[PDB]
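Notes to accompany the following structure.
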Amino acid sequence: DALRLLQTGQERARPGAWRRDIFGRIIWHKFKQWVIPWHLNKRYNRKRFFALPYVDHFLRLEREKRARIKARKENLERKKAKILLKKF
Amino acid sequence: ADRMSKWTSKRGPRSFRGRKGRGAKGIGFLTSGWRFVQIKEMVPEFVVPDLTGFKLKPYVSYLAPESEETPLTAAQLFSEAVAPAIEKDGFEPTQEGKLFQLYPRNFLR
Amino acid sequence: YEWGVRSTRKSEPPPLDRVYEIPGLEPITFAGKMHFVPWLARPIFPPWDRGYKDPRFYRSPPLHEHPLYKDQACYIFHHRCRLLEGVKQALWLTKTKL
Amino acid sequence: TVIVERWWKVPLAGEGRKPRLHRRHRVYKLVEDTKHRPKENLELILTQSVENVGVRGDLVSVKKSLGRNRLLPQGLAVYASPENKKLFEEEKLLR
Amino acid sequence: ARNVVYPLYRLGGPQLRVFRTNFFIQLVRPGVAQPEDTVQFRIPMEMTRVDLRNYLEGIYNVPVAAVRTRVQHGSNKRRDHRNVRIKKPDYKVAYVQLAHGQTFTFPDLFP
Amino acid sequence: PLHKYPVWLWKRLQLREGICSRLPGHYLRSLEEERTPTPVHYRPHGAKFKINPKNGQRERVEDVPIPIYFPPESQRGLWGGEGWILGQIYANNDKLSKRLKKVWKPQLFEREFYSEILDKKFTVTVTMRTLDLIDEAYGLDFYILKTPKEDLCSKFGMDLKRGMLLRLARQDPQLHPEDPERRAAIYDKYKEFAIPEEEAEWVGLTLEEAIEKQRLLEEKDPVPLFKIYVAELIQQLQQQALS
Amino acid sequence: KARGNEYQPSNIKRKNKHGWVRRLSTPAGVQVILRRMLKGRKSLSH
Amino acid sequence: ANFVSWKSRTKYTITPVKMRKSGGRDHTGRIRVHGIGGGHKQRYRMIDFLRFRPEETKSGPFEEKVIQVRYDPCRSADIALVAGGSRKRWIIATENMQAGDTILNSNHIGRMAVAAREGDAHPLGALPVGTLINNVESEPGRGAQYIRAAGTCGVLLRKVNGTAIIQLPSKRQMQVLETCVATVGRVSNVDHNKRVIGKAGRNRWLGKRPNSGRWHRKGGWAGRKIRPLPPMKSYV
RNA sequence: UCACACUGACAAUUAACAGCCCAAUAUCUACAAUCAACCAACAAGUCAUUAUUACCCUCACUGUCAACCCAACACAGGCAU
RNA sequence: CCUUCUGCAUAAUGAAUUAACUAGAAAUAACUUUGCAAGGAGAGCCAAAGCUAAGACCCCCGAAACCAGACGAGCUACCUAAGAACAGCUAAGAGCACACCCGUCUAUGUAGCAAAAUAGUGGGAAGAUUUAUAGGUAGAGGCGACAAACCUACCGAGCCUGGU
RNA sequence: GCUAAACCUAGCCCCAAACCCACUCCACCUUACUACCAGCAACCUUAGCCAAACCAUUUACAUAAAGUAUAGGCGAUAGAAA
Ligand SMILES: [Mg+2]
Ligand SMILES: [Mg+2]
Ligand SMILES: [Mg+2]
Ligand SMILES: [Mg+2]
Ligand SMILES: [Mg+2]
Ligand SMILES: [Mg+2]
Ligand SMILES: [Mg+2]
Ligand SMILES: [Mg+2]
Ligand SMILES: [Mg+2]
Ligand SMILES: [Mg+2]
Ligand SMILES: [Mg+2]
Ligand SMILES: [Mg+2]
Ligand SMILES: [Mg+2]
Ligand SMILES: [Mg+2]
Ligand SMILES: [Mg+2]
Ligand SMILES: [Mg+2]
Ligand SMILES: [Mg+2]
Ligand SMILES: [Mg+2]
């Protein structure tokens, strides 16, 4: 890593880039290494990368579930601290 | 009819059984008449040196001292290899046609 | 009349984006990225060709560009050639007697 | 191109928030249409020698069909603007 | 190595090198008494036949003649209090055969 | 457990988040403007008030637009301020009858225009209202330059306007070589616009297109740290010797 | 006849009728997989 | 759904093409024609309807010769290979079209009539009045688009200026240009209408499912209609 | 523990059988099989290649067990070559 | 015992006990008592003794059934491609008869072997025949040698989701 | 006395407050957890149950003005601003 940083200043040996799949979640797409370019590969052309608008509802639902889990954990920690204070 | 059963080569039919397979890592290819071609260039060659007169051993002695941990960084390597910078009072910027390119992982391990 | 159905033939390419008909700005497309996207106009890539040669992946030259090409409409015969007439055709092509 | 009127009348919703419509408000009523109307003859000045129907440098009430098919595309006339009008006035005064 | 991307050899590329091997190997006792000069080996999944041949010839210099590998299936008929299946780790097995009739015997321990 | 902002503010939140924040200021201002459209499918009441019958008393009224539809053909072809009206109608214009849905459509044509700023003929599916507007504007270029963003509603028209603005701002030889007088006269014919080149690029571009342009602009691959370290060492040597 | 035996197992037909490719070709399967992931099931599809 | 029609061939060929049965289904999968599907396998034979067609580096009239007369399972009219020059092709077999017979394929419209035989093909501008013809073309260089079935025959009526009023077998007149190509004689395989199917086995083998079992009520359209002959359909 | 196929470790099942498979350009296969020669017939039928360019390294991977599959059961039931 | 109904042990339904869960949320107005009064209430509302504030009053389970999109031809109906099967005997969409396809009838079974089984008498068994593999036809639909039959055990139109 | 009976702590609901997560190593749109080679993909008035004892037009998505105007098979109902 030090040699690579001093030779080109590039992070992470394996190259890559961020992309948006169908689910919409920002996934770090991994390069598979090919021989032919991308503007003519039949298989890679099928691997589209877009989430479309209707997935916004599912994204909002996932965000709400995560927020609910976080609030539950926060209330749990608060109740634990309150019980600990009550014990002493 | 099992969702928890991880799909593998011991499940599907002959076609998918022979197609998928375990981590085989294609080393060659087929030539029409079911005649596989073993590319000598794609076959790995374990570069094992001679272990003659080796000083160290796979186990250390507790009597040895203890030193602090300091992950090596780029700044330290640059400060170490600072001969021409001081002599000013050689570098490989572009390495696209190099043997073992750095940024594009072309060398194994 | 002509053979070959349109549906079976190669599908007609899509219509070129109208942004290219505005001589002349920088048509922003997804060429910078490396994946198909609905929005953003479609780019136009150049003709790519491999440098080194490959045995299994080799494209021969056209029918005219060759190291030797004769214009005389020659004809060759082999075992698979099934004549029509038979004896008379062979006698004519050989100039012999039966 | 097709004028349309609303049914049930909007119940008014001030000016800040948008007017919350309803499924009944979707109903419409055709009141009038742009087409099916007596057309008008736009004014166009000619730039070259045209048939007896017109004269060089003489604004006339030309029809829309011809003005859009032959005159304007071929540059034989120009819209009744103030700039070209002043240019034609100067050309006439130059006589 | 294992679990590492390999450099795709196009056509006029250099010979593939493998420095600092990752995967390992280990022999076991014959199951139903194998023939003479026939050593067994438990190889992981990411490993072929010529791979093991070169591995041995380079590390232990054992004159390996022929090799015949195969994959074994792990048990899975067992459930805990949660009623969840447990699939044991799978592994590949090989049957290396020495050359020159060296005649090797599996040594025993715990006398 | 609840959110911090409403549901109709996530758009602005994302716009102010990161990459959308680095965008220019004029683009964000034009996007946030959101002006009202021009009346087309409804008589716009001039006076704000109107004395309704059955009672001589003034009342406040407004003009609500008609939820118009914009199919892809409207964005691909220069269409006026009209489109596909999606609504419902009774039988004989009486609520006492049945209710049935209805969808109107405009009248399309195929004319051949010729713009002087671009010097090229096109074949666009123009309508009658668009032709009337072009005739009233005393030129297709004037009609394209007068209609703002949300008033023209069409990606092709926005691209044409952006190209015309870029051409008027560049003021370089390109129109008619070996004819500087003609180019000068053409530029003089249109002088009430000419947006600067900095603001002329972000004209009509969509959100995704603008983000892509911004990404391509400030790309800049990671510079090797070797040059930075060499510069730091040079600065250190300077501070040690000179100063 | 015996109506308690209708299942004819076949990995080919199973994966062709309920496969990741078939579930991602159309937006229907996309929404199905999204709802499944939202529910929290272990297996998303065969 | 995935449905690629077998009709996919560029260059004309003599070998039988592997025919893929349809079954009254469209590209989607739904049935559009009741009574089709389930029969005997068949191999399509590429036929060349355009009789007159000069081969490469040719233009003037050419001669041909019949070699064999075979049966065609696709249509009801038998066919017969006819080679000529330096190529071969299939064409409709006319009545009394024995093998080893020479056939002419002219085109130059002569001044006077031409006593055409039974196999030769000449344009309508050189055919006597009142002569049976078949494989009539709708326009010059179009191809046989009408008479072609077995036992069919088109009698010539008259000519006007530069056209010819043809009388189809259904008593429906039609006028076409006089410079178009046509064929004399009638199609072979005579007496095909009298073919006794005998049993349902042959009908099922031919590839035709039976009719539905619904007892439909004969509407008003099930009455005897005596309409007059329609007007002459021209194509000038 | 009807007595145990129940609970934890042991290791199997090693390819030669089958799968994993074809470089391009113009280009062409009229006489079915039925002991196919006598006898022929209708439902008209499953199997082929020509010239040029470039190609020379060769044994990699998967399946291999059982009293076994689908029927809530250890099921007089259903299953092709 | 409870409920119904003019009428009950009635032979009208409910019920084996035990532990847990389980079925009246409030309204213009009205009644009682507090505080001030032609005024009170912490803007707004009511005033020919009025208002403010408090107290007190509006049950549960139960269908058939519709909408929009998913899931469904691995069994059933049809179609498509390439394959497989049909002893023998008498002698042609011929006849008997193996395998094989379906089950007109008896008997057993009826919480059984089976949420559709066991034997023969049964029709065919070189042809409108059966079947191994894959793909296509999905409900306002598909298919249908019409049985208005089938479309995953219940299809006069299968289930789910959200309106319910 | 066999069978039984109780423990209460992990965690849950409300808002009160901030706006959240997201690549160590290989693998994942072809048959998902498959190192490898020549071709179209986007924007759509929601319906319906129910109440008028049926049901078609109809039926909902800080305070005061005000449940007023107004609309409504002018009946069941709906219902704003200055
Ligand atoms: Mg059962
Ligand atoms: Mg076995
Ligand atoms: Mg009671
Ligand atoms: Mg009661
Ligand atoms: Mg009573
Ligand atoms: Mg009783
Ligand atoms: Mg009083
Ligand atoms: Mg089936
Ligand atoms: Mg049937
Ligand atoms: Mg009976
Ligand atoms: Mg009984
Ligand atoms: Mg019968
Ligand atoms: Mg029989
Ligand atoms: Mg028999
Ligand atoms: Mg239903
Ligand atoms: Mg109700
Ligand atoms: Mg009602
Ligand atoms: Mg207000």
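Here the Cβ positions follow ideal geometry from the backbone for every residue, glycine too, while neighbour counts run over all protein chains shown. Read-outs throughout are calculated quantities, based only on the coordinates presented, and are distinct from any laboratory measurement.
Taking the listed residues F:145, F:118, the one that is surrounded by 15 or more Cβ atoms within 10 Å (Cβ to Cβ), of a type in the set (A, V, I, L, M, F, W, C), out of contact with any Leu (no Cβ under 7 Å at 6 or more places or on another chain) and not in a loop (DSSP other than H, G, I, E, B) is F:145, with no other qualifying. Apart from one condition, residue F:1 fits all of (1) away from RNA strand K (no atom under 13 Å from the Cβ); (2) out of contact with any strand residue (DSSP E or B) (no Cβ under 7 Å at 6 or more places or on another chain); the exception is (1). The residues in segment G:4-25 that are farther than 14 Å from residue B:1 by Cβ and either of a type in the set (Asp, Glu) or within 12 Å of RNA strand K (Cβ to nearest atom) (or both) can be counted, and the count is 8.
Inspection of segment H:101-108 finds a residue satisfying the criterion of being in contact with a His (Cβ under 6 Å, 6 or more places away or on another chain), farther than 26 Å from residue C:7 by Cβ and not hydrophobic (A, V, I, L, M, F, W, C). Check whether at least one residue in segment C:49-60 is within 27 Å of the chain's Cα centre (by Cα) and closer than 30 Å to residue H:140 by Cα, and report yes or no. No, the conditions are met nowhere in segment C:49-60.
Quick one: which strands (runs of 3 or more DSSP E) lie wholly within chain D and hold at least 3 residues that are in contact with a strand residue (DSSP E or B) (Cβ under 9 Å, 6 or more places away or on another chain) and more than 17 Å from residue F:134 (Cα to Cα)?
D:2-6, D:28-33
Out of segment E:2-44, which residues are among the polar types (S, T, N, Q) and near RNA strand I (Cβ under 9 Å from one of its atoms)?
E:34, E:38, E:40, listed by residue number.
Mind listing whichever residues of segment H:48-75 are assigned to a strand (DSSP E or B) and charged (D, E, K, R)? Answer for segment H:48-75, where residues must be assigned to a strand (DSSP E or B) and charged (D, E, K, R): H:63, H:64, H:65, H:70. The residue list B:99, B:108 contains one member that is in a loop (DSSP other than H, G, I, E, B), within 26 Å of residue E:2 (Cβ to Cβ) and in contact with a strand residue (DSSP E or B) (Cβ under 7 Å, 6 or more places away or on another chain), which is B:108.
Starting from segment G:24-35, take each residue that is assigned to a helix (DSSP H, G or I) and list its partners that are of a type outside the set (A, V, I, L, M), counting only C-beta distances under 7 angstrom and pairs at least six apart or across chains. Final answer for the pair search is G:29/G:22; G:29/G:23; G:32/G:23; G:33/G:23; G:33/G:45; G:34/A:23; G:34/A:58.
Counting only helices (runs of 4 or more DSSP H) wholly contained in segment B:1-89, the ones carrying 3 or more residues that are within 16 Å of RNA strand J (Cβ to nearest atom) occupy B:14-19. Checking each residue in segment F:78-98 for being within 30 Å of residue F:150 (Cβ to Cβ), touching a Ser or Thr at 6+ places or on another chain (Cβ under 7 Å) and within 11 Å of chain D (Cβ to nearest Cβ) picks out F:79, F:80, F:81, F:82, F:83. Of all the residues in segment D:44-86, those that are of a type in the set (D, E, K, R), within 15 Å of residue F:113 (Cβ to Cβ) and either away from every other protein chain (no Cβ under 11 Å) or touching a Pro at 6+ places or on another chain (Cβ under 6 Å) (or both) number 1.
For residue H:125, the conditions (1) farther than 30 Å from residue H:192 by Cα; (2) in a loop (DSSP other than H, G, I, E, B); (3) not polar (S, T, N, Q) are fulfilled apart from (2). Would you check if residue C:80 is more than 13 Å from RNA strand K (Cβ to nearest atom), under 30 Å from residue H:142 (Cβ atoms) and exposed (fewer than 10 other Cβ atoms within 10 Å of the Cβ)? Judged against the criteria, residue C:80 is not a match. Selection of first residues in segment B:9-32 that are of a type in the set (S, T, N, Q) and of second residues that are more than 15 Å from RNA strand J (Cβ to nearest atom), restricted to Cβ pairs under 9 Å at least 6 apart or on distinct chains, gives the following pairs, ordered by first then second residue: B:9/B:18; B:9/B:20; B:9/B:21; B:9/B:22; B:9/E:71; B:31/B:37; B:31/C:56. Within segment B:22-48, the set of residues being under 17 Å from the mean Cα position of the chain (by Cα) and not acidic (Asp, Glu) comprises B:23, B:24, B:25, B:26, B:27, B:42, B:43, B:44, B:46, B:47, B:48.
The residue that is farthest from residue F:40 (Cα to Cα), counting only those in segment F:151-194 that are over 24 Å from the mean Cα position of the chain (by Cα) and in a loop (DSSP other than H, G, I, E, B), is F:178.
Report whether or not residue A:73 is exposed (fewer than 13 other Cβ atoms within 10 Å of the Cβ), more than 7 Å from RNA strand K (Cβ to nearest atom) and under 18 Å from the mean Cα position of the chain (by Cα).
Details: exposed (fewer than 13 other Cβ atoms within 10 Å of the Cβ): yes; more than 7 Å from RNA strand K (Cβ to nearest atom): yes; under 18 Å from the mean Cα position of the chain (by Cα): no.
For residue A:73, the condition - exposed (fewer than 13 other Cβ atoms within 10 Å of the Cβ), more than 7 Å from RNA strand K (Cβ to nearest atom) and under 18 Å from the mean Cα position of the chain (by Cα) - is not met.
Taken over segment F:195-243, the residue count meeting the criterion of being part of a loop (DSSP other than H, G, I, E, B), more than 13 Å from chain A (Cβ to nearest Cβ) and acidic (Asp, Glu) is 2.
Residue-by-condition table, conditions (1) at the interface with another protein chain (Cβ under 7 Å from one of its Cβ atoms); (2) assigned to a helix (DSSP H, G or I); (3) out of contact with any strand residue (DSSP E or B) (no Cβ under 8 Å at 6 or more places or on another chain):
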| site | (1), (2), (3) |
| --- | --- |
| E:4 | yes, no, yes |
| E:12 | yes, no, yes |
| E:20 | yes, no, yes |
| E:42 | no, no, no |
| E:54 | yes, yes, no |
| E:62 | no, no, no |
| E:71 | yes, no, no |
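Residue check: residue D:35 meets all listed conditions (1) over 19 Å from the mean Cα position of the chain (by Cα); (2) over 30 Å from residue F:120 (Cβ atoms); (3) surrounded by fewer than 17 Cβ atoms within 10 Å (Cβ to Cβ) but one, namely (1).
Among the residues making up segment H:76-94, those that are among the small types (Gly, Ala, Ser) and either outside any loop (DSSP other than H, G, I, E, B) or at positive phi (or both) are H:80, H:83, H:84, H:85.
Could we say that residue H:22 is surrounded by 14 or more Cβ atoms within 10 Å (Cβ to Cβ), within 16 Å of RNA strand J (Cβ to nearest atom) and either assigned to a loop (DSSP other than H, G, I, E, B) or of a type in the set (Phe, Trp, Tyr) (or both) here? Here the answer is yes, as residue H:22 does meet what is asked. In segment C:1-43, of all residues being closer than 30 Å to residue H:11 by Cβ and of a type in the set (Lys, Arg), the one that is nearest to RNA strand K (Cβ to nearest atom) corresponds to C:10.
Within segment C:46-98, the set of residues being near RNA strand I (Cβ under 10 Å from one of its atoms), within 14 Å of chain E (Cβ to nearest Cβ) and charged (D, E, K, R) comprises C:53, C:54, C:56.
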